[PDB]
Amino acid sequence: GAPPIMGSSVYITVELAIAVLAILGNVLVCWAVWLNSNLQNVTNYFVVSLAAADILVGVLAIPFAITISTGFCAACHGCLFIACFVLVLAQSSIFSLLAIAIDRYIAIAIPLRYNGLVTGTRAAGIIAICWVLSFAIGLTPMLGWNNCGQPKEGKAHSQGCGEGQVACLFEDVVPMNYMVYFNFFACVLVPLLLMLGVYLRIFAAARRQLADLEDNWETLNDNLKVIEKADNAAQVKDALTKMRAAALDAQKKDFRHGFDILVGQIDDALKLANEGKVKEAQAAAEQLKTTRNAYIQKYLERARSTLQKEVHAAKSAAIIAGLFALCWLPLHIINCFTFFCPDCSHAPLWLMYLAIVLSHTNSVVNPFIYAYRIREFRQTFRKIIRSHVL
Ligand SMILES: CCn1c(=O)c2c(nc(/C=C\c3ccc(OC)c(O)c3)n2C)n(CC)c1=O
Ligand SMILES: CCCCCCCC/C=C\CCCCCCCC(=O)O
Ligand code: NA
């Protein structure tokens, strides 16, 4: 049996190395939001509420993890705070993720009423409510759902613990039924499943909007080409009416003239054919071709350009929410095993160290996703390096 101090120096070093990277990267995000006003919006106010949770991980949660690793003697309730504080920071992070997904869903689904729903002051109050709920969910064991009533007297005397003190160990103070049913299934697994469902509606609604533009465009141009080889005066009344319903369906100030000019030329062709004049109406329809291929077609590509921009942000936020579940599921399934298969042997200590270290890594990857995926966060970052390194 090798001395345990050697088998722990690499653990403390990895925990301290991750803590330093968690404090620097996330503070840099909070510094860019305060500096650039373009980064000040409802979406990023939830990013700061998440970066603040990642900062406190490397400031308090990681020092708490190194402390409990020793099993030091302390009051049973004082040990509960050191063991369950990371649950508070993990709860608000889930709330920030679920809040960002809802905000992006409103932007793509209801863009006309987005400015009326979300507000700088309405989002700030949601953050405060989420932080209060995260303390309630995270500190549930301190309200009596703990193992203080049945302390392990054999280990208390072993660490030389005084009267009333116990060996601060997570599995000995936090019940497993709380970690698996109340924390994992209810407060972690269920919220993540909703995030998966909200993101499916976002990408599906975006695809539906793209299909309308192409379908509304197909109904526009292909219907006008029908009248170029027409037969009766009513045969063009159908095709011009098909383009009229598609002109308004696609309209849903640079295009304000563009549609008013094109729809006006359309109505000046129904009546021209409403009187039997088929050849005179087709001549007025070539005037639509200029409008179609000059003053309106730029809108269908600008609207298509904005949709692709908005979806790109939905992927960037979904990548972050996906990386959160990846870093936290291994720890939760280990608990599931210890709780569901008692005949099984408990997971070895070296695997417990990998699951905990992996769960702390989540507090480091988020500042990297903002840069590599958001252009404005990159440039604001770079201005901080240039205006600080010198
Ligand atoms: C809520 C997240 N969480 C756990 O899930 C958890 C846990 N500790 C255990 C099991 C024991 C353990 C683990 C590592 C050790 O040395 C470093 C050790 O000596 C014992 N678990 C299961 N902790 C970290 C203290 C925790 O905060
Ligand atoms: C950037 C990292 C900031 C945190 C640095 C501090 C890390 C260590 C924190 C407290 C360790 C727990 C204190 C326990 C007292 C000694 C235990 C013992 O001697 O048996
Ligand atoms: Na986190």
# chains A, B, ... in the order shown; residues from 1 in each chain; ligands from 1
>>> residues_around(residues="range 119-134 of chain A", least_positions_apart="2", cutoff="8 Å", atoms="only C-alpha atoms", output="PyMOL selection string")
chain A and resi 41-42+45-46+49+87-92+95-96+115-117+136-138
>>> select_by_dssp(residues="range 151-376 of chain A", states="alpha helix (DSSP H)", output="VMD selection string")
chain A and resid 153 to 158 170 to 173 176 to 177 190 to 227 233 to 251 256 to 274 278 to 292 297 to 340 349 to 373 375 to 376
>>> residues_around(residues="range 367-376 of chain A", least_positions_apart="6", cutoff="8 Å", atoms="only C-alpha atoms", output="NGL selection string")
:A and (25-26 or 28-29 or 39 or 313 or 316 or 320)
>>> residues_around(residues="range 18-24 of chain A", least_positions_apart="5", cutoff="8 Å", atoms="only C-alpha atoms", output="ChimeraX atom specification")
/A:54-55,57-59,62,360-361,363-364
>>> residues_near_ligand(ligand="ligand 1", cutoff="8 Å", atoms="only C-alpha atoms and all ligand atoms", output="count of residues only")
26
>>> residues_around(residues="residue 114 in chain A", least_positions_apart="5", cutoff="10 Å", atoms="only C-alpha atoms", output="compact mmCIF listing (two decimals) with C-alpha atoms, in the first residue's frame")
# COMPACT_ATOMS: atom_id res chain seq x y z
CA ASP A 103 -34.92 32.74 -25.21
CA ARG A 104 -33.66 31.41 -28.55
CA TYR A 105 -36.98 29.64 -29.17
CA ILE A 106 -38.85 32.94 -28.78
CA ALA A 107 -36.47 34.70 -31.19
CA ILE A 108 -37.09 32.25 -34.05
CA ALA A 109 -40.74 31.42 -33.32
CA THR A 119 -36.59 42.78 -21.28
>>> residues_around(residues="range 235-237 of chain A", least_positions_apart="5", cutoff="7 Å", atoms="only C-alpha atoms", output="list in words")
residues 227, 230, 270 and 273 of chain A
>>> write_last_selection(atoms="N, CA, C and O atoms", output="compact mmCIF listing (two decimals), in the first residue's frame")
# COMPACT_ATOMS: atom_id res chain seq x y z
N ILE A 227 -48.05 32.12 -67.71
CA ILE A 227 -48.78 33.06 -68.55
C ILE A 227 -48.02 33.41 -69.82
O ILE A 227 -48.63 33.91 -70.77
N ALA A 230 -49.86 31.16 -72.50
CA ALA A 230 -51.23 31.13 -72.02
C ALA A 230 -52.20 30.74 -73.13
O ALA A 230 -51.83 30.59 -74.29
N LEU A 270 -54.67 41.36 -63.50
CA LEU A 270 -55.94 40.66 -63.34
C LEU A 270 -57.06 41.40 -64.06
O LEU A 270 -57.82 40.80 -64.83
N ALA A 273 -56.80 41.26 -67.79
CA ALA A 273 -57.33 40.00 -68.29
C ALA A 273 -58.78 39.77 -67.91
O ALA A 273 -59.45 38.95 -68.54
>>> select_by_dssp(residues="range 40-222 of chain A", states="strand (DSSP E)", output="ChimeraX atom specification")
/A:73-75,165-167
>>> write_last_selection(atoms="N, CA and C atoms", output="mmCIF file, in the first residue's frame")
data_model
loop_
_atom_site.group_PDB
_atom_site.id
_atom_site.type_symbol
_atom_site.label_atom_id
_atom_site.label_comp_id
_atom_site.auth_asym_id
_atom_site.auth_seq_id
_atom_site.Cartn_x
_atom_site.Cartn_y
_atom_site.Cartn_z
ATOM 1 N N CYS A 73 -12.595 16.020 10.551
ATOM 2 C CA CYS A 73 -13.608 16.091 11.593
ATOM 3 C C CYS A 73 -14.278 17.459 11.583
ATOM 4 N N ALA A 74 -15.605 17.463 11.661
ATOM 5 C CA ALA A 74 -16.382 18.695 11.701
ATOM 6 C C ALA A 74 -17.796 18.346 12.143
ATOM 7 N N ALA A 75 -18.583 19.385 12.408
ATOM 8 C CA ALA A 75 -19.994 19.186 12.703
ATOM 9 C C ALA A 75 -20.700 18.599 11.487
ATOM 10 N N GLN A 165 -18.686 15.488 16.679
ATOM 11 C CA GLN A 165 -18.098 15.624 15.357
ATOM 12 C C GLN A 165 -18.120 14.288 14.622
ATOM 13 N N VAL A 166 -18.079 14.369 13.291
ATOM 14 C CA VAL A 166 -18.073 13.199 12.423
ATOM 15 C C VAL A 166 -17.019 13.399 11.342
ATOM 16 N N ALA A 167 -16.716 12.314 10.632
ATOM 17 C CA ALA A 167 -15.768 12.353 9.524
ATOM 18 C C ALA A 167 -16.494 12.840 8.277
#
